[PDB]
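Peer 1: Sending over structure-v2.csv (CSV, C-alpha atoms and all ligand atoms).
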```
chain,number,residue,atom,x,y,z
E,4,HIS,CA,0.0,0.0,0.0
E,5,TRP,CA,2.7,2.5,0.9
E,6,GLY,CA,4.2,5.0,-1.6
E,7,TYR,CA,5.4,8.6,-2.0
E,8,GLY,CA,2.1,10.4,-2.8
E,9,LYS,CA,-0.2,12.6,-0.6
E,10,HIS,CA,-2.3,9.7,0.7
E,11,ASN,CA,0.4,7.0,1.1
E,12,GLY,CA,3.6,8.8,1.4
E,13,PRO,CA,6.2,9.3,4.2
E,14,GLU,CA,3.8,11.1,6.6
E,15,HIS,CA,1.5,8.1,6.5
E,16,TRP,CA,4.0,5.3,6.9
E,17,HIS,CA,4.0,5.3,10.7
E,18,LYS,CA,0.4,3.9,10.8
E,19,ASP,CA,1.7,0.5,9.4
E,20,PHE,CA,5.3,0.8,10.5
E,21,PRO,CA,5.3,2.6,13.9
E,22,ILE,CA,9.2,2.5,14.0
E,23,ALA,CA,8.9,5.4,11.5
E,24,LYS,CA,8.9,7.6,14.7
E,25,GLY,CA,11.8,5.7,16.2
E,26,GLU,CA,15.1,6.8,17.7
E,27,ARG,CA,17.4,6.1,14.7
E,28,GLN,CA,15.5,6.8,11.5
E,29,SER,CA,17.0,7.7,8.2
E,30,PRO,CA,17.7,9.8,6.2
E,31,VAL,CA,19.1,12.8,8.1
E,32,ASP,CA,20.6,16.2,7.3
E,33,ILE,CA,24.4,16.0,7.6
E,34,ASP,CA,25.5,19.2,9.2
E,35,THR,CA,29.1,19.4,8.1
E,36,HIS,CA,30.3,21.8,10.8
E,37,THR,CA,28.8,19.5,13.6
E,38,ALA,CA,30.0,16.1,12.1
E,39,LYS,CA,33.2,15.1,14.0
E,40,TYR,CA,36.3,14.0,12.2
E,41,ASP,CA,37.2,10.6,13.7
E,42,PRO,CA,40.8,9.6,13.2
E,43,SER,CA,40.0,6.1,14.4
E,44,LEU,CA,37.8,5.5,11.3
E,45,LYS,CA,39.3,3.3,8.7
E,46,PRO,CA,39.4,3.7,4.9
E,47,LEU,CA,36.4,2.1,3.4
E,48,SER,CA,37.2,-1.2,1.6
E,49,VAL,CA,35.0,-1.6,-1.5
E,50,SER,CA,35.8,-5.0,-3.2
E,51,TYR,CA,33.5,-5.3,-6.2
E,52,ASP,CA,35.9,-7.0,-8.7
E,53,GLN,CA,33.9,-10.3,-8.6
E,54,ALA,CA,30.4,-8.8,-8.5
E,55,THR,CA,27.7,-10.8,-10.3
E,56,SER,CA,24.7,-8.8,-11.3
E,57,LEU,CA,21.5,-10.7,-12.0
E,58,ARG,CA,18.4,-8.7,-12.8
E,59,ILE,CA,17.1,-5.2,-13.0
E,60,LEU,CA,13.6,-4.7,-11.6
E,61,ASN,CA,10.9,-2.0,-11.3
E,62,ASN,CA,9.3,-2.6,-7.9
E,63,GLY,CA,6.8,0.3,-8.0
E,64,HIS,CA,9.1,2.3,-5.6
E,65,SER,CA,12.4,2.5,-7.4
E,66,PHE,CA,14.3,0.3,-9.8
E,67,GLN,CA,16.9,-2.2,-8.4
E,68,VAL,CA,19.8,-4.0,-9.8
E,69,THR,CA,20.2,-7.3,-7.9
E,70,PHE,CA,23.4,-9.3,-7.2
E,71,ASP,CA,24.4,-12.8,-6.3
E,72,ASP,CA,24.9,-12.6,-2.5
E,73,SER,CA,25.5,-16.3,-1.9
E,74,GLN,CA,29.3,-15.9,-1.7
E,75,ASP,CA,31.8,-13.0,-0.8
E,76,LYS,CA,31.9,-11.6,-4.4
E,77,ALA,CA,31.1,-8.0,-3.9
E,78,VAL,CA,31.8,-6.9,-0.3
E,79,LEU,CA,32.1,-3.8,1.9
E,80,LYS,CA,34.6,-3.9,4.8
E,81,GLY,CA,36.5,-1.5,6.9
E,82,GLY,CA,35.4,2.1,7.4
E,83,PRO,CA,33.1,2.0,10.5
E,84,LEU,CA,32.2,-1.6,10.0
E,85,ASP,CA,33.3,-4.8,11.8
E,86,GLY,CA,33.2,-7.9,9.6
E,87,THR,CA,32.1,-8.3,6.0
E,88,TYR,CA,29.0,-7.1,4.3
E,89,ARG,CA,27.7,-8.5,1.0
E,90,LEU,CA,26.2,-6.4,-1.8
E,91,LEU,CA,22.6,-7.5,-2.5
E,92,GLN,CA,21.2,-4.7,-4.6
E,93,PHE,CA,21.5,-1.0,-5.6
E,94,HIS,CA,18.7,1.4,-6.4
E,95,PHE,CA,18.1,5.2,-6.6
E,96,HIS,CA,15.9,7.9,-5.3
E,97,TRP,CA,15.3,11.0,-7.4
E,98,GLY,CA,13.2,14.1,-8.0
E,99,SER,CA,10.8,15.7,-10.4
E,100,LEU,CA,13.4,18.5,-11.0
E,101,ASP,CA,17.1,18.7,-10.2
E,102,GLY,CA,16.7,20.6,-6.9
E,103,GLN,CA,15.3,17.6,-5.1
E,104,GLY,CA,15.6,13.9,-5.0
E,105,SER,CA,18.2,12.9,-2.5
E,106,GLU,CA,17.3,11.5,0.9
E,107,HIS,CA,20.3,12.6,2.9
E,108,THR,CA,21.0,16.3,2.7
E,109,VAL,CA,24.3,18.2,3.3
E,110,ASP,CA,23.8,21.5,5.2
E,111,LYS,CA,20.2,21.3,3.9
E,112,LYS,CA,21.3,20.9,0.3
E,113,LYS,CA,19.3,18.4,-1.7
E,114,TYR,CA,21.0,16.7,-4.6
E,115,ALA,CA,19.2,15.6,-7.8
E,116,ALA,CA,19.3,11.9,-6.7
E,117,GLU,CA,20.9,9.4,-4.4
E,118,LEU,CA,22.3,6.0,-5.1
E,119,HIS,CA,22.1,3.3,-2.4
E,120,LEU,CA,24.2,0.2,-2.5
E,121,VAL,CA,22.7,-2.2,0.1
E,122,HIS,CA,24.9,-4.7,1.9
E,123,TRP,CA,24.2,-7.2,4.7
E,124,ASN,CA,26.4,-8.6,7.4
E,125,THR,CA,27.6,-12.1,6.8
E,126,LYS,CA,27.5,-13.0,10.4
E,127,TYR,CA,23.7,-13.1,10.2
E,128,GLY,CA,23.6,-15.4,7.2
E,129,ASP,CA,20.8,-13.9,5.1
E,130,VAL,CA,19.3,-10.5,4.6
E,131,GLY,CA,16.1,-11.3,6.3
E,132,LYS,CA,17.9,-12.2,9.5
E,133,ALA,CA,20.2,-9.2,9.1
E,134,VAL,CA,17.4,-6.6,9.1
E,135,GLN,CA,16.5,-7.8,12.6
E,136,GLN,CA,19.8,-6.7,13.9
E,137,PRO,CA,21.2,-3.2,14.8
E,138,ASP,CA,24.4,-3.9,12.8
E,139,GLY,CA,22.7,-6.0,10.1
E,140,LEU,CA,23.0,-3.8,7.0
E,141,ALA,CA,25.5,-1.3,5.6
E,142,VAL,CA,24.2,1.1,3.0
E,143,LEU,CA,26.6,3.1,0.9
E,144,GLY,CA,25.0,6.3,-0.2
E,145,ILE,CA,26.2,8.4,-3.1
E,146,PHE,CA,24.8,11.7,-4.2
E,147,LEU,CA,24.1,12.5,-7.9
E,148,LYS,CA,24.3,16.0,-9.4
E,149,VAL,CA,23.5,16.9,-12.9
E,150,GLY,CA,26.5,17.8,-15.2
E,151,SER,CA,28.6,15.5,-17.4
E,152,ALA,CA,27.3,12.0,-18.1
E,153,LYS,CA,28.4,9.1,-15.9
E,154,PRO,CA,29.6,6.4,-18.4
E,155,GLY,CA,29.1,3.6,-15.8
E,156,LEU,CA,25.4,4.5,-15.5
E,157,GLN,CA,24.6,4.3,-19.2
E,158,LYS,CA,24.0,0.5,-19.4
E,159,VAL,CA,21.3,1.0,-16.7
E,160,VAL,CA,19.7,4.0,-18.5
E,161,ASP,CA,19.5,2.1,-21.7
E,162,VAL,CA,17.3,-0.7,-20.3
E,163,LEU,CA,14.9,1.4,-18.3
E,164,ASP,CA,12.4,1.5,-21.2
E,165,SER,CA,12.0,-2.3,-20.7
E,166,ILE,CA,10.9,-2.0,-17.0
E,167,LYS,CA,8.6,1.0,-17.3
E,168,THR,CA,6.0,-0.2,-15.0
E,169,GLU,CA,5.7,-1.9,-11.7
E,170,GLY,CA,6.3,-5.6,-11.9
E,171,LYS,CA,8.6,-5.6,-14.9
E,172,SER,CA,12.2,-7.1,-14.8
E,173,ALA,CA,15.0,-8.0,-17.2
E,174,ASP,CA,18.2,-9.8,-17.3
E,175,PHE,CA,21.0,-7.5,-16.2
E,176,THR,CA,24.2,-9.6,-16.1
E,177,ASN,CA,27.8,-8.4,-16.3
E,178,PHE,CA,27.2,-5.0,-14.8
E,179,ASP,CA,30.1,-3.6,-12.9
E,180,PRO,CA,29.0,-1.4,-10.0
E,181,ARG,CA,32.5,0.1,-9.7
E,182,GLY,CA,31.4,2.4,-12.5
E,183,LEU,CA,29.0,4.2,-10.2
E,184,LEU,CA,31.6,5.3,-7.6
E,185,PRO,CA,33.2,8.8,-7.3
E,186,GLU,CA,36.9,9.2,-7.0
E,187,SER,CA,37.1,9.8,-3.3
E,188,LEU,CA,35.9,7.3,-0.7
E,189,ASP,CA,35.8,10.1,2.0
E,190,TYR,CA,32.6,9.6,4.0
E,191,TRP,CA,30.2,10.4,6.8
E,192,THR,CA,28.7,7.7,8.9
E,193,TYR,CA,26.0,7.3,11.5
E,194,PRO,CA,23.6,4.6,12.8
E,195,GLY,CA,20.2,4.6,11.1
E,196,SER,CA,17.4,2.8,9.4
E,197,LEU,CA,16.0,1.7,6.1
E,198,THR,CA,14.4,4.7,4.4
E,199,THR,CA,11.5,2.7,3.0
E,200,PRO,CA,9.1,0.4,4.9
E,201,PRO,CA,9.7,-1.6,6.9
E,202,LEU,CA,12.0,1.2,8.2
E,203,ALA,CA,14.0,-1.3,10.2
E,204,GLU,CA,16.7,0.2,12.5
E,205,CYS,CA,19.4,-2.0,11.2
E,206,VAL,CA,21.7,0.2,9.1
E,207,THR,CA,25.2,1.6,9.4
E,208,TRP,CA,25.0,4.5,6.9
E,209,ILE,CA,28.1,5.4,4.9
E,210,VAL,CA,27.4,8.5,2.8
E,211,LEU,CA,30.2,9.6,0.4
E,212,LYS,CA,31.2,13.2,0.5
E,213,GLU,CA,31.9,13.4,-3.3
E,214,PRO,CA,28.8,13.3,-5.6
E,215,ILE,CA,28.9,11.7,-9.0
E,216,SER,CA,27.8,13.7,-12.0
E,217,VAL,CA,25.1,12.3,-14.3
E,218,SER,CA,23.8,14.0,-17.4
E,219,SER,CA,20.3,15.5,-17.8
E,220,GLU,CA,19.5,12.8,-20.4
E,221,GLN,CA,20.4,10.1,-17.8
E,222,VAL,CA,18.2,11.5,-15.1
E,223,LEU,CA,15.4,12.3,-17.5
E,224,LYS,CA,15.2,8.5,-18.2
E,225,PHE,CA,14.7,7.8,-14.5
E,226,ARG,CA,11.8,10.2,-14.5
E,227,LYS,CA,10.0,8.3,-17.4
E,228,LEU,CA,9.6,5.3,-15.2
E,229,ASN,CA,6.1,4.7,-13.8
E,230,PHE,CA,5.1,4.0,-10.3
E,231,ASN,CA,2.0,2.2,-11.7
E,232,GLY,CA,1.6,-1.3,-13.1
E,233,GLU,CA,0.7,-1.7,-16.8
E,234,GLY,CA,-3.0,-1.0,-17.4
E,235,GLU,CA,-3.3,1.4,-14.4
E,236,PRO,CA,-3.5,5.2,-14.7
E,237,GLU,CA,0.0,6.5,-15.5
E,238,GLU,CA,1.9,8.1,-12.6
E,239,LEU,CA,5.5,9.2,-13.3
E,240,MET,CA,8.1,7.6,-10.9
E,241,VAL,CA,9.5,10.8,-9.4
E,242,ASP,CA,10.0,12.2,-5.9
E,243,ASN,CA,10.6,8.7,-4.4
E,244,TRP,CA,12.6,10.1,-1.5
E,245,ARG,CA,11.9,10.2,2.2
E,246,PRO,CA,12.7,13.6,3.8
E,247,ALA,CA,15.3,14.1,6.6
E,248,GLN,CA,14.2,12.7,10.0
E,249,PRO,CA,15.2,13.9,13.5
E,250,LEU,CA,18.8,13.2,14.4
E,251,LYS,CA,17.8,12.6,18.1
E,252,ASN,CA,20.7,11.2,20.1
E,253,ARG,CA,23.1,10.5,17.3
E,254,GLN,CA,26.6,11.5,16.2
E,255,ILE,CA,27.6,11.8,12.6
E,256,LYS,CA,31.3,11.1,12.1
E,257,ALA,CA,33.5,12.1,9.2
E,258,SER,CA,36.4,10.0,7.9
E,259,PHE,CA,38.1,13.2,6.7
E,260,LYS,CA,39.2,16.6,7.9
O,1,LIG,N1,16.4,3.1,0.8
O,1,LIG,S1,16.9,1.7,1.5
O,1,LIG,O1,16.8,1.9,3.0
O,1,LIG,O2,18.2,1.3,0.9
O,1,LIG,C1,15.6,0.5,1.0
O,1,LIG,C2,16.0,-0.9,1.4
O,1,LIG,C3,14.9,-1.9,1.3
O,1,LIG,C4,15.3,-3.3,1.3
O,1,LIG,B1,14.7,-4.3,2.4
O,1,LIG,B2,14.4,-5.8,2.0
O,1,LIG,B3,14.7,-5.9,0.2
O,1,LIG,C5,15.3,-4.2,-0.1
O,1,LIG,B4,16.5,-5.4,0.1
O,1,LIG,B5,15.9,-6.5,1.4
O,1,LIG,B6,15.9,-5.5,2.9
O,1,LIG,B7,17.2,-5.3,1.7
O,1,LIG,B8,16.4,-3.9,2.5
O,1,LIG,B9,16.8,-3.9,0.7
O,2,ZN,ZN,17.3,3.7,-0.8
```
Could you write out this structure as structure tokens?
Peer 2:
Amino acid sequence: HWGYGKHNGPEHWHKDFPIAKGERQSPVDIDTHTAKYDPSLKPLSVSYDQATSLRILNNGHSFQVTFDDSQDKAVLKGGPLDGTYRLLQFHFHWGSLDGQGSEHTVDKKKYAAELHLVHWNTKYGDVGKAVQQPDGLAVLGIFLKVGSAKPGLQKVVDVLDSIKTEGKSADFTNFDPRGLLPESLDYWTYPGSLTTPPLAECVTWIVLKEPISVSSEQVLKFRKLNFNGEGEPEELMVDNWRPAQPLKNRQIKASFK
């Protein structure tokens, strides 16, 4: 039932998912002057060389590229994390215009979109078990701004016409998620939640400081997706972002000075 519109959007979610009003909800505004540089934080280890992408899917809330997570093929380690986290999927949040779309904000700045690479902690064995744990997931968040094209995104863009509506999927093998990363792995980190239902408070967020640039043609193709299923009234898939939630008793740490 949930979505992003007036009658089923973020302000309604708490009725079915009461943790929406919890103590560690995401996203948040990252106040750059308040975030503390932590010299104990390690460099992030992103090991995606052996990634095996499987499918691309329109689930009526975003589109996702799914990966084989049955072995340590594409893993996140280091940074704020203990142990090893396997990549399961990535997806995006974006706006109707370039001045909104991101979930996290930086000194109240909204980016045009935000990429989430979702990983789960191998010590819990599968993602369904991991979402029940406070250290179950690690989501790597990357901002998108509009400028030059991102070559590593083009393969994704070019298949979106095949998954226009909710419930459509396609084969999406041999996609290298390394092509979606910025140069720097400088990051902010804090304890939070999923930003969609079920809003589980299971995520260590790692938000990269450096945005990637994508072209206007690339983001325009995101905005041609539909929230609806085929045969239902057409509703453009845009503004699929949750606003910033209260920071409450949390510290955002920076890996960089
Ligand atoms: N914006 S966000 O918090 O990254 C949405 C994650 C929803 C998910 B919940 B169920 B499916 C999709 B997979 B699996 B857990 B794992 B987690 B990922
Ligand atoms: Zn997300």
Peer 1: Please identify the residues whose atoms come within 12 Å of ligand ZN 2 (chain O), using only C-alpha atoms and all ligand atoms, and report them as a count of residues only.
Peer 2: 42
Peer 1: So that I can see what lies close to residue 110 of chain E, please list as a PyMOL selection string the residues with an atom at most 12 Å from it, counting all atoms listed in the file and leaving out residues fewer than 5 positions away in the same chain.
Peer 2: chain E and resi 31-38+247
Peer 1: Report as an MDAnalysis selection string all protein, DNA and RNA residues lying within 6 Å of segment 124-129 of chain E, evaluated on all atoms listed in the file, omitting residues in the same chain fewer than 6 positions from it.
Peer 2: chainID E and resid 87:88 139:140
Peer 1: Report, in Å with one decimal, the straight-line distance from atom CA of residue 241 of chain E to atom CA of residue 79 of chain E.
Peer 2: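 So the two atoms, atom CA of residue 241 of chain E and atom CA of residue 79 of chain E, lie 29.2 Å apart.
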Peer 1: Select all residues near (21.7, 0.7, -14.7) (cut-off 9 Å, inclusive, file coordinates), counting only C-alpha atoms, and output them as number ranges by chain.
Peer 2: E: 59, 66-68, 94, 155-163, 175, 178, 180
Peer 1: Could you please determine the separation between atom CA of residue 173 of chain E and atom CA of residue 235 of chain E in Å, to one decimal place?
Peer 2: 20.8 Å
Peer 1: I'd like to know which of E:240, E:78, E:91, E:223 is closest to residue 52 of chain E, using all atoms listed in the file.
Peer 2: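 Going through E:240, E:78, E:91, E:223 one by one, the smallest distance to residue 52 of chain E is for E:78.
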Peer 1: By how many Å are atom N1 of ligand LIG 1 (chain O) and atom CA of residue 165 of chain E apart?
Peer 2: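 Calculated distance between atom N1 of ligand LIG 1 (chain O) and atom CA of residue 165 of chain E is 22.6 Å.
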Peer 1: Measuring between only C-alpha atoms, which one of E:186, E:179, E:169, E:220 shows the shortest distance to residue 149 of chain E?
Peer 2: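 Closest to residue 149 of chain E of all the choices is E:220.
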Peer 1: Which is closer to ligand LIG 1 (chain O) than all the others in E:177, E:207, E:103, E:168, using only C-alpha atoms and all ligand atoms?
Peer 2: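 The shortest atom-to-atom distance to ligand LIG 1 (chain O) comes from E:207.
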Peer 1: When you look at residue 8 of chain E with a cut-off of 12 Å (counting all atoms listed in the file), what residues show up, excluding the ones that are within fewer than 2 positions of it in the same chain? I need them as a PyMOL selection string.
Peer 2: chain E and resi 4-6+10-16+64+230+238-245
Peer 1: Given the choices E:85, E:101, E:237, E:72, which gets closest to ligand LIG 1 (chain O) if the distance is worked out from all atoms listed in the file?
Peer 2: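 Residue with the minimum atom-to-atom distance to ligand LIG 1 (chain O): E:72.
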Peer 1: Residues near residue 102 of chain E, anyone? I mean within 10 Å using only C-alpha atoms, not counting same-chain ones fewer than 6 positions away, as a PyMOL selection string.
Peer 2: chain E and resi 112-116+148-149
Peer 1: Measuring atom to atom with only C-alpha atoms and all ligand atoms, identify which of E:201, E:164, E:70, E:42 is nearest to ligand LIG 1 (chain O).
Peer 2: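 Residue with the minimum atom-to-atom distance to ligand LIG 1 (chain O): E:201.
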Peer 1: Could you check which of E:225, E:111, E:193, E:62 is closest to ligand LIG 1 (chain O), using only C-alpha atoms and all ligand atoms?
Peer 2: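 Looking at the shortest contact to ligand LIG 1 (chain O), the residue is E:62.
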Peer 1: Which protein, DNA or RNA residues are at most 8 Å from (2.9, -3.9, -15.3) in the file's coordinates when you count all atoms listed in the file, listed as a PDB file with C-alpha atoms, keeping the file's coordinate frame?
Peer 2:
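Final file, result_6.pdb:
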```
ATOM      1  CA  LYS E 167       8.600   1.000 -17.300  1.00  0.00           C
ATOM      2  CA  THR E 168       6.000  -0.200 -15.000  1.00  0.00           C
ATOM      3  CA  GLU E 169       5.700  -1.900 -11.700  1.00  0.00           C
ATOM      4  CA  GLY E 170       6.300  -5.600 -11.900  1.00  0.00           C
ATOM      5  CA  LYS E 171       8.600  -5.600 -14.900  1.00  0.00           C
ATOM      6  CA  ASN E 231       2.000   2.200 -11.700  1.00  0.00           C
ATOM      7  CA  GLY E 232       1.600  -1.300 -13.100  1.00  0.00           C
ATOM      8  CA  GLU E 233       0.700  -1.700 -16.800  1.00  0.00           C
ATOM      9  CA  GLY E 234      -3.000  -1.000 -17.400  1.00  0.00           C
TER      10      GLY E 234
END
```
Peer 1: Within 6 Å of residue 151 of chain E, counting only C-alpha atoms, which residues qualify if same-chain residues fewer than 6 places away don't, as an NGL selection string?
Peer 2: :E and (216-218)
